[PDB]
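[1] quick one, what's the 3D model for this:
(chains A, B, C, D, E, F, G, H, I, J, K and L)
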There are 12 protein chains.
Amino acid sequence: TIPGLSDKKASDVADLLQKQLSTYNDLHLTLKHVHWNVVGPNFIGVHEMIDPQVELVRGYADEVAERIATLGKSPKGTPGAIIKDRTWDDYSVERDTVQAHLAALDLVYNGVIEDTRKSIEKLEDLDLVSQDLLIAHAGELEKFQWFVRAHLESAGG
Amino acid sequence: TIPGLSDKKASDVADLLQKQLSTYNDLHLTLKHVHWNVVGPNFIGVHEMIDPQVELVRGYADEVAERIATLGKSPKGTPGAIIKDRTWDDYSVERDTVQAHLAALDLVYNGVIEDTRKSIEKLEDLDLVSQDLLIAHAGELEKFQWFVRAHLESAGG
Amino acid sequence: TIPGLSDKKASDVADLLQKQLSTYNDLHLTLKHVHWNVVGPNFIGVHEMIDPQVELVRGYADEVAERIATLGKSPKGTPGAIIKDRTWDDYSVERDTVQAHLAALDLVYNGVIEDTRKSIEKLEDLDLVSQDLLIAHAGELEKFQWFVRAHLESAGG
Amino acid sequence: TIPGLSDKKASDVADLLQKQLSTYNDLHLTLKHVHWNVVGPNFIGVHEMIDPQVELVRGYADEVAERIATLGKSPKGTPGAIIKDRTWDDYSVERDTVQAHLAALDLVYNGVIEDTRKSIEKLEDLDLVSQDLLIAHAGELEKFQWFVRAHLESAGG
Amino acid sequence: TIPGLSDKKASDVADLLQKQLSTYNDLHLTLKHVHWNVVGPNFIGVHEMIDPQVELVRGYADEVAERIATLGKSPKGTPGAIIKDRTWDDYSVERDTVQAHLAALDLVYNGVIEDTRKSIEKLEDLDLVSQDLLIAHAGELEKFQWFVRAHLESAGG
Amino acid sequence: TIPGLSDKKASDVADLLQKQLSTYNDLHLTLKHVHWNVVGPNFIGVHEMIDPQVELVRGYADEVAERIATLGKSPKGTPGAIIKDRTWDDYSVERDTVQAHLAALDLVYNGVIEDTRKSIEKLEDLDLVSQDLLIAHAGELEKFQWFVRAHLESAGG
Amino acid sequence: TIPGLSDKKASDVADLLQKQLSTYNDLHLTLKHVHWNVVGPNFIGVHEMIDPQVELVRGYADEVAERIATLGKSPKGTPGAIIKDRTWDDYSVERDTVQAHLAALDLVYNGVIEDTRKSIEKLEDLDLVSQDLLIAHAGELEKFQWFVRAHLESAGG
Amino acid sequence: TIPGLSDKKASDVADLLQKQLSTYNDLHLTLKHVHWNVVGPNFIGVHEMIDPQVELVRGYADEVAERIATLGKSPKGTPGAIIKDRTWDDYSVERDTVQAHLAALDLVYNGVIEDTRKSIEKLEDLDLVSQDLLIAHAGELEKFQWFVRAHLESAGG
Amino acid sequence: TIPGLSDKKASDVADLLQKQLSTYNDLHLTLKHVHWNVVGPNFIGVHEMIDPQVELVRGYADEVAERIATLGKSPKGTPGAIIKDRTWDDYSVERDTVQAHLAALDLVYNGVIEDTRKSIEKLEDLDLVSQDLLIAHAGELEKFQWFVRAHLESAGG
Amino acid sequence: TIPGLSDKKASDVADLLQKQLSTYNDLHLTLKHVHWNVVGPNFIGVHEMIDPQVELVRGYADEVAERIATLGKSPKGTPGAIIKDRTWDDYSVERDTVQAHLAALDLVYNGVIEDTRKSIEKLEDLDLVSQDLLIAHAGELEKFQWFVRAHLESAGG
Amino acid sequence: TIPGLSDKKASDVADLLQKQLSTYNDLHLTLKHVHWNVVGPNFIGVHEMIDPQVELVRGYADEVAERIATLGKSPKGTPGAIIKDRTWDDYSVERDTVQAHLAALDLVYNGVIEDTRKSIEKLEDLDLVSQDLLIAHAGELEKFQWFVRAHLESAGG
Amino acid sequence: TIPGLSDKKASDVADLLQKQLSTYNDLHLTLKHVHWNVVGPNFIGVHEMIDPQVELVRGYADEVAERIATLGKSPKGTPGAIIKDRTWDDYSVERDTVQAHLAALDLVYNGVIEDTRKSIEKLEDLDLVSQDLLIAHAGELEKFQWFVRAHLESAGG
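    Numbering: from 1, shown residues only, chains lettered A, B, ... in the order given. Have a look at this structure:
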């Protein structure tokens, strides 16, 4: 009954986003979880290096959901609703080192930027504005992965 | 090992808090979920009434996790970790009026302020400082429930 | 004599933005007009929900013109210049309730996001950067229409 | 012993203001009283709508009292001193809806902009500066009545 | 049905302002129009010189319209409503030098400080508060004309 | 019909805060009254030493009521409501020196911190969170009385 | 050649202000002079009490001079131009106590609020806007005299 | 002669605090000393991780002393006065690694949170407000120890 | 190894960007060089017109380097590294008028917006996110060139 | 009776700063005088290029006096006190173009940086800290003269 | 090893500074000690007069320690470390009037500005940059002593 | 034709600064280059530890050039113009560890503080103000080297 223009084409994208909407929600809790379980002789560096990224992604969440409802469908943001769309195993790492946790996080982001890049191409035709949302997000998500990656590498590790 | 003092008495409280860090995490997600599914001829009021409360509880999330780690134990923040501690059904309400959602939230807070209150008496003897945390939280959580409650009462609604 | 690259292809987009430029100017006035004429028991919510949107679009305006002028052409922002490009009737709603004004506004935006979407596609070949401007604008304009829409619905009203 | 110019004229304006300093102090308490007793599906709108106005009037309080001492006389700020100058009944309205409290407030303001206007003309030939003080307040106070009025009215309600 | 005091007198001042609300809205668009059409070896000076003045006048707009609704009448903000009250020709001047546009602006302001002054005296015996509003604006508007004038003149040019 | 937990035990604390609520309101006025009546060669120090304290207590006020309303009861903040609970004479000191007003204030606070201490203990069983409110308030109120006391002593004056 | 309205009337008000622009510039220097020459067991109170007032008056300076150029005439800001308009002796008082300097300042202000008031009435029938300027200043200047006066006085001293 | 209520009971707590008052003073210098002698390939992390804690504890100092004087006794804050109450050996570590310095600091905090927790229980009866001071402090002191601890540990080291 | 996805397609873009990070670095230095060699009776205008643009491009510098590292490759930022990628002659103009320098800069931007534009088409297929970067940049770079261009044009200068 | 070290050697520097003190005061007025008398098509650039400089020097003033008073002597800041030390003619330039006023100002500064340089060397033995004051001041004063100079030259005008 | 240049000449200065870092540390503690033991009918004046000076000297503390470490040597900041370098008796004065305390502080500064001055001449040849540090400090330290001195002087007190 | 005073003596210093002006320019790019190529398990620490230093030195650049032009000569800031004055080999280190890069950077600063200290002594006679510029800079440059150095050392490494 209400999107910006295309009854169907939108419902497609509305579900594309909801998949992202839930990945971020796992993401920011996951990030946060990592932040307070990270440990060892660089913990404050990373612990904090994270906090912007939490705050950023959390917002990415808002931007998705607000978009979805803009598209017409309803966004779903309860932990129930994320296990539903989720496709990793929930971050299993616990009190652990940086290296452990970033190794761990690298792979998590790996899902996210892969999925997001895919929803980007899917969107290229359907809805460009929403393509642009994730494109923005994506730069920032990728960047953050580079931060985490740079913590463990040398020649090209 | 590490706590502030009592190898056991802490371990006891570190699960009280872990019961809580998971409740808030549910809460903040839930609030947020409510923030962007709310609707009607008062939606912006509440919508924004909420946004501080998210940001606040989310921070409540940090405070107690950071405390858990302080007590010694590791805090558990992944959405898996909150289904594990969760006691209610996850928030049932989707796109829907303010009126619905606040009834819905009212009930949610009802878990939280009761649960937190109970954890406060439990804390009175064991660890006082952790009592103080939840006491602070409690004031602000309860307050917010009165914000939400006031939305549907005259005589004594 | 001056653009960034294509004498004709620019003149084409400079005529496009100009149509937009004037739509926004109508809009920020329209918005503002609505804002100090809205009324009823939801008044302040909306009265203020608006003000950011005014300010945003007003800036959206500066971005049009400065782009036009960048493109080479001269941009036009006098009330005479806007009636010249204006393709709607001017906002007919005088003092009134919220519900009225938002229905009225919903329609106005219907014009704006429809038109903007069209100038986006018109631009996908022409000039990508100008495409980017409006894609940006678009998300935010659309978002705002959802804010107003969410004010009068439930199932899918 | 000390004013700026007219040893008598000043004393006349000095009590004029004291009547205002007391009305405001009633006002600011009254506003605050209303703000935390308001209720219903619109409470946070008004509840907050009000807050700037409290802080504003309170300041208005400062400006006149400081002005009185400037004039020469001593200003009187205690609840005893306001009951003494007061000439309404004190806000009778207790926990209650918006529409109720705003009806009530509307009337309260009615005493204020009436009395303040009256004290302005009285002041045209006493002391202009002091005239300007209240003229300033007047706009702002009047504006705030319109905010509250706008809550119940349709074509001219 | 509602003003602060005089059921008629108010309606008289109410249209006075509406004449202003429309002049300003022309003004603010006009200013903005000039700002992005100015040019030559002095453009950024003026281009910016202007910006505070736009934001200022725009605000001046708010203050009178809000004032009108305060008075009782409804204020009229659409481009249709300004062409309707307008009594100049609309800014004819298109891309062009500083000196050109400032000459043009000077004249535009000339209508404004003239008309505004006239509406002030008219107001001395209608409504003082509303008189003060424009007196305030007057200083600021007048000041801005002097800024623009100061651009071409030597001994008295 | 609504509190956080105990229908009676709340009504008991809601009557306690209410007594406090009104003490503060008297206080912020009293403070403010003192502030613009203080005088002598120490005037500005104190004149300003006060203003934070006003503002603090005023907020202390909001915290009472919002707690009361949270507790379920309706809070009462009209000057009539404060004389009703008021257990002192209203601040009798009119224009005067610092030394006078602080002696006068020292006594007023003597009432406040005495009473607050008592409602704290009354609360240690009743409602802990409300206990926490006033404990917070207390430290700051006490601190302030020391600020005023420190103004007139040496050995232990 | 250029004012806003009255080619003569304006010149009359233009010198009125120049008398003020010079009084202020004396004033602001004078204030500053006092501020760094004050002394005794109260110096930092006043020393600072003053600082806002300098910055304020200095600004008052700007407002009238800018106003003069607005009126048409050129304003005159050099020490030569103030000795020229000046009509007191220059602050004779050198390093010295508070009470001394405030006595001295009190008198200085006395010239100011007297002269400024006189220039206001003179202005009621020349130019109202310019009248408002000084009325504004007047409150603020007058307020500052009361601050300084309040330093030595008991029952009416 | 002056506390809030209990001549003796207060003098007891007044000395309890002074012990803390001096521990913090050792603490913030000690922290600071550590901050500029820390070294190695994570120094900036910790170096900065410290700086908030200095600023925080330093304030904790103020809060103690101000409380003491509030209680009636005089607070003692000279390096003489801290050696007097001190009970560790002064931080002996010098230009040294992080690990060294945090190992070193862990143990220092160990004294502090142990002592503070003890003064907490001592206070539970005597003066609750002061109990609350340290309780607040304590959370924050403990938290900071968790930061330092987390720098050297893995499984539970 | 590391990129977001395509081992080659990235490597390709990582030199597109490296072509750019070096162009900006030249640019920001050049701008700055121009900022403090500019001169004439409009120097401050432009001088300051520039300072944002430096700070902005400099940040453009970070964004793409940080992207390069994200894509996997290492970014090269030393002045050696920019002579290596540089395609124009380094900025020829020394102390000299605005008019000269903007002609000079105009030509400089002409390299940049053309080059960046070309790199954007090149990016359309390979890596979209990196396209978006330069697209954003482009808008702002081109804009600035219009600021500079406007400094010497009427008819179509 | 009081300096930092040398009864005579201070009195010598206290007479030096005093000469400076008054030069600045003349200057800030002079600057300010220039600022609201400048004119032509470069007006706003300079009109504002100045304001920081005013404010800076004004503060330069406070630093002189406070230093003098620190040195032991009493500093002198009344317009009479500045003509007493003043070694130039007062700024003769009334309304005028930029080019004029800056030529005029260039000369004024010529006095200031010449004199300041001389009091610097005079100080290299006398009092180093006072030397430092003026060295600071100097750089900034000189810098500003270059700002004004750069306004009227090219080869080396 | 590490310094900026001279293996010895630095080592020499690194104890000059270490003499200073310990003096300031005493100072800031002492100031603070004075801030909260001050008392009388001017206590807030001075009390607050001090608080910047603490914060400032404390930072003076960092600057020179950070310099020491820069010169190569390790700085020593523990209260043990300041009794080791300390040359006066620790601050003798307990709860006591302003007048006492400033006499007391006056004497304290007297050590400091003399000592620092002497260390500045000592530095003139060896290390200039470190001279500049203490020179900066000196201005501000001496200044503060004049603030304190001014509290008890007329003729030449 | 224009410096502050000495045709030659200045041209000497003008070239002294230009050598520094270019070292910084290499410096800030070099720093920046280091910041985005730094890597390993402390990268965020240093990566950020750098960013202030970039921003700081970049400004140091401005301060030089602005000074040069103040001296009369023209400052040269193009990458061409830095290779011209440069005397290291351009930073050759590429994607590499912290330790590598700081080892690398230590030596770079080594040039800079050595050169700057030398231009300091050269300046001691010629121009003191410019001596002071670099002296300021120098403290800060040295400090930053201490930060980098402290990352690799223990006993005195």
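[2] can you give me the strands in chain A?
    With DSSP state E, there are no strands along chain A.
[3] which residues touch the residue most central in space within it?
    Taking CA atoms, centre = their mean, the centroid of chain A lies closest to residue A:24, which sits 3.5 Å from it. Contact partners of residue A:24, counting by CB atoms under 8 Å, 6 or more residues apart in numbering or on different chains, are A:57-58, A:60-61, A:64. All C-beta spots, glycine's among them, are computed from the backbone N, C-alpha and C.
[4] do residue A:41 as well
    Residues near residue A:41 by CB under 8 Å, 6+ apart: H:42, H:98-99, H:151-152.
[5] quick check: closest non-adjacent residue to the residue nearest to the centre of chain A.
    Nearest residue to residue A:24 in three dimensions, chain neighbours excluded: residue A:61, at 4.5 Å (CB to CB, 6 or more residues apart in numbering or on different chains).
[6] ok, now residue A:15?
    Of all residues not flanking residue A:15 in the chain, residue A:73 sits nearest, at 7.3 Å (CB to CB, 6+ apart).
[7] neighbour count added to the contacts of residue A:24, as CSV?
    Rendered in CSV, the data for the contacts of residue A:24 read as follows (neighbours: other CB atoms under 10 Å in any protein chain shown):
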residue, neighbour count
A:57, 24
A:58, 21
A:60, 26
A:61, 24
A:64, 27
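[8] ignoring the adjacent residues along the chain, who's closest to residue A:115?
    Using CB to CB, 6+ apart and skipping residues adjacent in sequence, the residue nearest residue A:115 is residue A:23, 6.4 Å away.
[9] I'd say the one you found and residue A:113 touch.
    No: counting by CB atoms under 8 Å, residue A:23 does not reach residue A:113; the two are 10.3 Å apart.
[10] give me the more crowded residue out of those two.
    residue A:23 (27 against 22; other CB atoms under 10 Å in any protein chain shown).
[11] which residues touch residue A:33?
    A:91, B:75-78, B:81.
[12] which pair in those spans the largest distance?
    A:91 and B:75 (12.6 Å; CB to CB).
[13] ok, residue A:122 - contacts?
    Shown in contact with residue A:122 (CB under 8 Å, 6+ apart): residue A:16.
[14] again with the one 4 residues further on
    Contacts here follow CB under 8 Å, 6+ apart; on that basis residue A:126 touches A:9-10, A:12-13, A:16.
[15] now do 7 Å
    A:9, A:12-13 (CB atoms under 7 Å, 6 or more residues apart in numbering or on different chains).
[16] follow-up on the earlier one: wait, doesn't the residue nearest to residue A:24 sit right on residue A:25?
    Yes: counting by CB atoms under 7 Å, residue A:25 is a contact partner of residue A:61 at 5.7 Å.
[17] before we move on, back to that, give the residues shared as contacts by residue A:91 and residue B:75.
    Counting by CB under 7 Å, 6+ apart, nothing touches both residue A:91 and residue B:75.
[18] how about the residues of chain A near chain J?
    Neighbours of chain J within chain A, by CB under 7 Å from any CB of the partner chain: none found.
[19] tell me where the longest helix sits in chain A.
    helix A:7-37 (DSSP state H).
[20] chain center to that one: distance?
    On the basis of CA atoms, centre = their mean, to the nearest Å, helix A:7-37 sits 6 Å off its chain's mean C-alpha point.
[21] list the buried residues of it.
    A:10, A:13-14, A:16-37 (16 or more other CB atoms under 10 Å in any protein chain shown).
[22] hey, C-alpha coordinates of stretch A:3-15 in PDB?
    Extracted in PDB, the C-alpha atoms of stretch A:3-15 (Å, rounded to 0.1, in the frame of the first residue of the first chain):
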ATOM      1  CA  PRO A   3       6.500   2.700  -0.600                       C
ATOM      2  CA  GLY A   4       8.300   5.500  -2.600                       C
ATOM      3  CA  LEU A   5       7.100   4.000  -6.000                       C
ATOM      4  CA  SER A   6       7.200   0.100  -6.800                       C
ATOM      5  CA  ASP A   7       4.900  -2.300  -4.800                       C
ATOM      6  CA  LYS A   8       7.000  -5.400  -5.600                       C
ATOM      7  CA  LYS A   9      10.400  -4.200  -6.600                       C
ATOM      8  CA  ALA A  10      10.500  -2.500  -3.100                       C
ATOM      9  CA  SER A  11       9.300  -5.600  -1.100                       C
ATOM     10  CA  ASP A  12      12.300  -7.400  -2.700                       C
ATOM     11  CA  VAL A  13      14.700  -4.700  -1.400                       C
ATOM     12  CA  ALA A  14      12.800  -4.400   1.900                       C
ATOM     13  CA  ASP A  15      13.800  -8.000   2.500                       C
END
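[23] got a list of contacts for that stretch?
    Stretch A:3-15 is contacted by residues A:68, A:71-73, A:123, A:126-127, A:130, C:113-114, C:117, C:142 when judged by CB under 7 Å, 6+ apart.
[24] restrict these to the buried ones and give me that as a PyMOL selection.
    Buried residues among the contacts of stretch A:3-15 (16+ other CB under 10 Å), as a PyMOL selection:
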select buried, (chain A and resi 68+71+72+73+123+126+127+130) or (chain C and resi 113+117+142)
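[25] fine by me, thanks again.
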